[PDB]
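Only one chain is included here, represented as structure tokens and corresponding to the form deposited in one PDB entry.
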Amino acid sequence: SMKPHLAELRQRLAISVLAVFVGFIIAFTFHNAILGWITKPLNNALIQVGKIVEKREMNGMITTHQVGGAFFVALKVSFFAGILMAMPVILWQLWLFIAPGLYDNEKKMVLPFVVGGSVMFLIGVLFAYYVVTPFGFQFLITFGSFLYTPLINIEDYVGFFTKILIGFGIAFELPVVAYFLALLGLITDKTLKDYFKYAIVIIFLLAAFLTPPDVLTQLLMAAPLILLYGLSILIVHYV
């Protein structure tokens, strides 16, 4: 019973692990370029706020507080980029695992959905970076510019930046899954309005899981999820 489902899973997990490793190798080869891409908005915001502060008066830059800091930041960036490059291979292998269980209609139900969701994730990441990150970074540096000196360390910044990008990708995806489920027909506006009582509890659970043990971070993460749920209700209503 479980013997073939463990042998095949073992082989597919092995191929996925090999893909992640090769992606990590390529990403560590180009880690200077990836780190430059990641840190470009931070440098731009620091220069802009330096100009603002110099105008007001008439410094801050990127730091490392550990050796493992810079080296591990390169390794972390390479690992994430490798996981991303392996994602087509991992997803195709998961599809190969799941496919003999789905019927013929479910196959065409799923595949275009996967392509559209991936496209929306990419659009969300690009939007996050190019639109959100400049203005948000400028605002957040300028918020503590007249009090504190911005000695921004790369170790926390890489995680912060990756969280922003991944979260915006997921935020672009969730409306699309709502619109898909509305088009095919599995949920209506009534379903999303009547399941909000449980949705909000699950949202706060997810916020606790995805944030440090502080309550304030939990609320700061739950608010976008509640807004996404409301936007989803609107989308399914107009469908």
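By rigid core we mean the largest C-alpha set that fits within 1.5 Å across both forms. Residue indices: 1-based, along the sequence shown.
Notably, residue 210 is never a gap: all other compared entries of this protein, restricted to those modelling both its neighbours, have coordinates for it, so the one-third criterion is not met. Gaps at residue 58 occur in at least a third of the other compared entries of the protein that contain both adjacent residues. The modelled chain breaks after residue 58 and resumes at residue 59, leaving 10 or more residues of the deposited sequence without coordinates.
Another form, the form solved in complex with a partner chain, is not on view; read the next lines as being about it.
A single residue from the set 122, 91, 110, 98 has any heavy atom within 4.5 angstroms of the partner chain in the bound PDB entry; that residue is 98. Taking the partner from elsewhere, residue 103 is found to have a heavy atom lying within 4.5 Å of the partner chain in the bound PDB entry. When both forms sit on the same rigid core, the CA shifts between this form and the one not shown reach 2 angstroms or more only at 102 out of 166, 75, 140, 102.
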